[PDB]
$ cat structure.pdb   # PDB, C-alpha atoms
ATOM      1  CA  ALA A   1      93.492  60.580 248.917  1.00  0.00           C
ATOM      2  CA  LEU A   2      97.017  61.860 248.273  1.00  0.00           C
ATOM      3  CA  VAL A   3     100.025  60.654 250.264  1.00  0.00           C
ATOM      4  CA  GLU A   4     102.886  61.930 252.427  1.00  0.00           C
ATOM      5  CA  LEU A   5     106.275  60.206 252.214  1.00  0.00           C
ATOM      6  CA  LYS A   6     108.439  59.611 255.278  1.00  0.00           C
ATOM      7  CA  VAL A   7     112.123  59.279 256.151  1.00  0.00           C
ATOM      8  CA  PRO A   8     113.425  55.704 255.622  1.00  0.00           C
ATOM      9  CA  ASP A   9     115.127  53.401 258.107  1.00  0.00           C
ATOM     10  CA  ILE A  10     118.559  55.036 258.161  1.00  0.00           C
ATOM     11  CA  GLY A  11     119.188  52.910 261.245  1.00  0.00           C
ATOM     12  CA  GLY A  12     119.861  55.566 263.854  1.00  0.00           C
ATOM     13  CA  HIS A  13     116.656  57.514 264.433  1.00  0.00           C
ATOM     14  CA  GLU A  14     116.555  61.303 264.114  1.00  0.00           C
ATOM     15  CA  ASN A  15     118.903  63.987 262.783  1.00  0.00           C
ATOM     16  CA  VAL A  16     120.179  62.028 259.780  1.00  0.00           C
ATOM     17  CA  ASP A  17     121.811  63.637 256.753  1.00  0.00           C
ATOM     18  CA  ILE A  18     120.078  62.657 253.520  1.00  0.00           C
ATOM     19  CA  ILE A  19     122.200  61.246 250.697  1.00  0.00           C
ATOM     20  CA  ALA A  20     119.981  61.664 247.620  1.00  0.00           C
ATOM     21  CA  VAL A  21     117.183  63.947 246.432  1.00  0.00           C
ATOM     22  CA  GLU A  22     115.082  63.699 243.270  1.00  0.00           C
ATOM     23  CA  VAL A  23     111.846  65.523 244.082  1.00  0.00           C
ATOM     24  CA  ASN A  24     110.880  69.124 243.335  1.00  0.00           C
ATOM     25  CA  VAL A  25     107.094  68.791 243.451  1.00  0.00           C
ATOM     26  CA  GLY A  26     105.411  68.304 240.087  1.00  0.00           C
ATOM     27  CA  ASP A  27     107.119  65.134 238.884  1.00  0.00           C
ATOM     28  CA  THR A  28     105.135  61.929 238.370  1.00  0.00           C
ATOM     29  CA  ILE A  29     105.523  59.004 240.767  1.00  0.00           C
ATOM     30  CA  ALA A  30     104.682  55.299 240.693  1.00  0.00           C
ATOM     31  CA  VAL A  31     104.432  52.429 243.175  1.00  0.00           C
ATOM     32  CA  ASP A  32     108.139  51.603 242.799  1.00  0.00           C
ATOM     33  CA  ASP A  33     110.592  54.458 242.225  1.00  0.00           C
ATOM     34  CA  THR A  34     113.536  55.483 244.389  1.00  0.00           C
ATOM     35  CA  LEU A  35     112.665  58.881 245.826  1.00  0.00           C
ATOM     36  CA  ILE A  36     115.851  59.353 247.844  1.00  0.00           C
ATOM     37  CA  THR A  37     118.729  57.701 249.659  1.00  0.00           C
ATOM     38  CA  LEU A  38     119.462  58.457 253.306  1.00  0.00           C
ATOM     39  CA  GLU A  39     122.118  57.471 255.838  1.00  0.00           C
ATOM     40  CA  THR A  40     123.405  58.205 259.342  1.00  0.00           C
ATOM     41  CA  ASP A  41     126.211  56.204 260.968  1.00  0.00           C
ATOM     42  CA  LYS A  42     125.080  52.595 260.568  1.00  0.00           C
ATOM     43  CA  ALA A  43     123.752  52.125 257.034  1.00  0.00           C
ATOM     44  CA  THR A  44     122.406  53.874 253.938  1.00  0.00           C
ATOM     45  CA  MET A  45     118.645  53.702 253.412  1.00  0.00           C
ATOM     46  CA  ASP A  46     116.289  54.954 250.708  1.00  0.00           C
ATOM     47  CA  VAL A  47     112.653  55.090 249.612  1.00  0.00           C
ATOM     48  CA  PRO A  48     111.267  53.338 246.488  1.00  0.00           C
ATOM     49  CA  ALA A  49     108.189  55.581 246.474  1.00  0.00           C
ATOM     50  CA  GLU A  50     104.732  54.343 247.462  1.00  0.00           C
ATOM     51  CA  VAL A  51     102.016  56.028 245.411  1.00  0.00           C
ATOM     52  CA  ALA A  52     100.777  56.792 241.902  1.00  0.00           C
ATOM     53  CA  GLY A  53     100.298  60.484 241.276  1.00  0.00           C
ATOM     54  CA  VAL A  54     102.065  63.838 241.508  1.00  0.00           C
ATOM     55  CA  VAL A  55     104.130  65.402 244.296  1.00  0.00           C
ATOM     56  CA  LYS A  56     102.871  68.515 246.051  1.00  0.00           C
ATOM     57  CA  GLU A  57     105.332  69.040 248.849  1.00  0.00           C
ATOM     58  CA  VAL A  58     109.012  68.291 249.434  1.00  0.00           C
ATOM     59  CA  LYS A  59     111.056  68.252 252.632  1.00  0.00           C
ATOM     60  CA  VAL A  60     114.434  66.755 251.769  1.00  0.00           C
ATOM     61  CA  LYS A  61     117.681  67.397 249.894  1.00  0.00           C
ATOM     62  CA  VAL A  62     121.443  66.828 249.943  1.00  0.00           C
ATOM     63  CA  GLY A  63     123.022  68.346 253.039  1.00  0.00           C
ATOM     64  CA  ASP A  64     120.131  68.594 255.494  1.00  0.00           C
ATOM     65  CA  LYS A  65     119.281  66.302 258.414  1.00  0.00           C
ATOM     66  CA  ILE A  66     116.125  64.209 258.707  1.00  0.00           C
ATOM     67  CA  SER A  67     114.375  61.750 261.043  1.00  0.00           C
ATOM     68  CA  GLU A  68     112.456  58.492 260.498  1.00  0.00           C
ATOM     69  CA  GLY A  69     108.918  59.580 259.670  1.00  0.00           C
ATOM     70  CA  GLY A  70     109.120  63.338 259.271  1.00  0.00           C
ATOM     71  CA  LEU A  71     106.908  64.066 256.275  1.00  0.00           C
ATOM     72  CA  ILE A  72     109.246  64.342 253.297  1.00  0.00           C
ATOM     73  CA  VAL A  73     107.248  64.551 250.058  1.00  0.00           C
ATOM     74  CA  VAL A  74     103.488  64.562 249.542  1.00  0.00           C
ATOM     75  CA  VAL A  75     101.820  63.213 246.409  1.00  0.00           C
ATOM     76  CA  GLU A  76      98.418  63.053 244.741  1.00  0.00           C
ATOM     77  CA  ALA A  77      98.476  59.284 244.220  1.00  0.00           C
ATOM     78  CA  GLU A  78      96.001  57.517 241.915  1.00  0.00           C
ATOM     79  CA  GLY A  79      95.322  60.919 240.379  1.00  0.00           C
ATOM     80  CA  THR A  80      93.906  61.687 236.940  1.00  0.00           C
ATOM     81  CA  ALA A  81      94.114  64.515 234.404  1.00  0.00           C
TER      82      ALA A  81
END
$ encode --input "structure.pdb" --output "structure tokens"
Amino acid sequence: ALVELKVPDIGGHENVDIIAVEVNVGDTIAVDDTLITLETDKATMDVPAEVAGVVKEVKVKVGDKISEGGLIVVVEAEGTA
């Protein structure tokens, strides 16, 4: 159950400054919704979300560095109320 996002394919590898952040834990998410937009020194990546529930955690923003697969945001996925 639940899910844990992960840094996209910015191209480089680790220590990559994010470019977009739209998650504060609590917002709904579907199986197709841009979560963020990252970039390093080759290209600008992003994540179209991959779940269907609510976020619990959040490890990303605008100004910090990240690395491919570093646990960004966790969700409930296929959750009910």
$ resolve_selection --input "structure.pdb" --expression "the PyMOL selection byres ((chain A and resi 20-22) around 8)" --output "list in words"
residues 18, 19, 23, 24, 35, 36, 37, 38, 60, 61 and 62 of chain A
$ resolve_selection --input "structure.pdb" --expression "the PyMOL selection byres ((chain A and resi 7) around 6)" --output "list in words"
residues 6, 8, 67, 68, 69 and 70 of chain A
$ write_last_selection --input "structure.pdb" --atoms "C-alpha atoms" --output "compact mmCIF listing (two decimals), in the coordinates of the input"
# COMPACT_ATOMS: atom_id res chain seq x y z
CA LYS A 6 108.44 59.61 255.28
CA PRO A 8 113.42 55.70 255.62
CA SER A 67 114.38 61.75 261.04
CA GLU A 68 112.46 58.49 260.50
CA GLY A 69 108.92 59.58 259.67
CA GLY A 70 109.12 63.34 259.27
$ resolve_selection --input "structure.pdb" --expression "the PyMOL selection byres ((chain A and resi 55) around 6)" --output "PyMOL selection string"
chain A and resi 25-26+54+56-57+74-75
$ residues_around --input "structure.pdb" --residues "residue A:49" --least-positions-apart "5" --cutoff "6 Å" --atoms "all atoms listed in the file" --output "PDB file with C-alpha atoms, keeping the file's coordinate frame"
ATOM      1  CA  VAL A  31     104.432  52.429 243.175  1.00  0.00           C
ATOM      2  CA  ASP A  32     108.139  51.603 242.799  1.00  0.00           C
ATOM      3  CA  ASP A  33     110.592  54.458 242.225  1.00  0.00           C
ATOM      4  CA  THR A  34     113.536  55.483 244.389  1.00  0.00           C
ATOM      5  CA  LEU A  35     112.665  58.881 245.826  1.00  0.00           C
TER       6      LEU A  35
END
$ atom_distance --input "structure.pdb" --atom1 "atom CA of residue A:12" --atom2 "atom CA of residue A:73"
20.7 Å
$ atom_distance --input "structure.pdb" --atom1 "atom CA of residue A:45" --atom2 "atom CA of residue A:10"
4.9 Å
$ closest_residue --input "structure.pdb" --among "A:48, A:39, A:1, A:29" --to "residue A:14" --atoms "only C-alpha atoms"
A:39
